[PDB]
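In what follows, chains are A, B, ... by sequence order, proteins preceding strands, each numbered from 1.
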Amino acid sequence: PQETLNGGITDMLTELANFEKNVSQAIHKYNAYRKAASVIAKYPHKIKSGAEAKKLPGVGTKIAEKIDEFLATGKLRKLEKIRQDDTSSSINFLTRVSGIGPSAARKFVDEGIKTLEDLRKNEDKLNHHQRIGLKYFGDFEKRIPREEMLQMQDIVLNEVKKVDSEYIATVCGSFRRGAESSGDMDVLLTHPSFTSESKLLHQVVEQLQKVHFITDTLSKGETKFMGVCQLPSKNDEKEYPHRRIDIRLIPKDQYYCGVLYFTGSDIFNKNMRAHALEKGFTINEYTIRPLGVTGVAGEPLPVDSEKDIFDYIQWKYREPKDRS
DNA sequence: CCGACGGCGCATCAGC
DNA sequence: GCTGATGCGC
DNA sequence: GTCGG
Ligand SMILES: *CC[C@H](OP(*)(=O)O)[C@H](O)COP(=O)(O)O
Ligand code: NA
Ligand code: NA
């Protein structure tokens, strides 16, 4: 539906969501306002009253009253007052830096650090993650066109197999669901030597650094890498933006459940878990397990493919691109 | 009325 | 030195 | 902030 339908309302609710998350530190209100923004963005009518919006799930009495104020006045006094508070504005802005959440933003503004320039002058007060978030502030806010994601996928899948031909790597997220653009690249990796019962990530990260694909590290442990990458451009050509890449090393016996989980969408996964439950199975990120007659989860079932999960619960396979 | 609302993996701090 | 809490991103 | 036991 065209943004001109309810765009005023959905912008107001997104602004309130960001305020609750970044300033109030109220993650459950942030999610309530996001959920309300999302249901209203999908609604194929121009909302005429709060009462009409209130019929939608995730819209209750308070968001109805805000919509009535916005429809009558073209504004919300609560937001006009928030926009006049320079301290709220600074806290909200600093959370755009990866590694700066609501706590760090408030600590920074309370010691007079409010701008990107203030952060650059005070690098000693930033952790490693926040320094890299600052270094790539603009690039990290750019979307990744699908054509670039295809090129990135080709480097990652090929370089992983050069480390060891037995690795399996799958790019998940929006990209796997067939999105025309992505926020980041989320790679799930496994190897038959790694199961839930017994250097693998380090060697893959090392290879991707050696061919100058991975440029920086935000965090790295035994099973999760978060960092920065860049497509190679030909000499004299315009450089590609730096991109966020995550790499998750999953036990082989949990791998396809992970692929299903990190592919989504969220609504799809929720509908799939519910369907499994009525069929007598419980699905989480790691496993599919049969439920006994009193609701006790049994042993994990063997899963050798994503399709194996859909077969257990007798659902027809939804292609990754038919899950949003 | 009032608790749930995802929760893991990593970096870093608090406390011992 | 260690354990456990918190902040953070996804 | 909304939902639901
Ligand atoms: C927007 C109305 C609020 O809904 P939530 O419980 O955040 C409250 O009813 C009043 O909040 P105020 O806008 O701070 O007065
Ligand atoms: Na509603
Ligand atoms: Na941030």
When you get a sec, tell me which of B:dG9, B:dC10, C:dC10 is the closest nucleotide to the side chain of A:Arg244? C:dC10

Is the base of D:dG1 touched by the side chain of A:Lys29 through a donor-acceptor pair closer than 3.5 angstrom? no

Give the rounded distance in Å between these two atoms: NZ of A:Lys35 and P of B:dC5. 12 Å

So which nucleotide from B:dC10, D:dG1, C:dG9 ends up closest to the side chain of A:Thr223? B:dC10

Test side-chain hydrogen bond (donor to acceptor under 3.5 Å, both in side chains) applied to A:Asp118 and A:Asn122, step by step: CA-CA 6 Å; A:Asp118 291 340; A:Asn122 291 93; over 6 Å; no

Name the closest nucleotide to the A:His28 side chain, picking from C:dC10, D:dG1, C:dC8. D:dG1

Would you mind telling me which of A:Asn271, A:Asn269, A:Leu260 makes a side-chain contact (heavy atoms from CB on, under 4.5 Å) with A:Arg323? A:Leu260

Test: A:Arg146 cationic atom under 6.0 Å from A:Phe175 six-membered ring centre, within 45° of axis: yes

Among B:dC8, B:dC10, C:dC8, which nucleotide sits nearest the side chain of A:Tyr286? B:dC8

Side chain of A:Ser103, heavy atoms from C-beta onward: which of C:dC10, B:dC8, C:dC8 has the nearest atom to it? C:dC8

Considering every strand and a 4.0 Å limit on heavy-atom distances, what is the contact class for A:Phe140: base, sugar-phosphate, or nothing? nothing

Here the residues of residues 122-129 of chain A within 4.0 Å heavy-atom distance, strictly under, of DNA chain B are A:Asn127, A:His128

Without decimals, in angstroms, what is the distance between A:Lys107 NZ and C:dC8 P? 8 Å

Single-linkage hydrophobic cluster A:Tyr261~A:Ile309, side-chain heavy atoms < 4.5 angstrom: yes

Regarding the side chain of A:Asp246, the nearest nucleotide among D:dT2, B:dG9, C:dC10 is C:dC10

With A:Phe225 as partner, the option from A:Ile214, A:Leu189, A:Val204 fulfilling side-chain contact (heavy atoms from CB on, under 4.5 Å) is A:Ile214

When you get a sec, tell me which of D:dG1, B:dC10, B:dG6 is the closest nucleotide to the side chain of A:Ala32? D:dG1

Take atom OH of A:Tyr30 and atom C1' of C:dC10, then tell me their distance rounded to the nearest Å. 10 Å

Judged by the sign of the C1'-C2'-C3'-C4' torsion, with positive meaning north and negative meaning south, the sugar of D:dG1 is south

If you pin A:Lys224 and A:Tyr261 to their nearest nucleotides in DNA chain B, which one's is more 5'? A:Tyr261

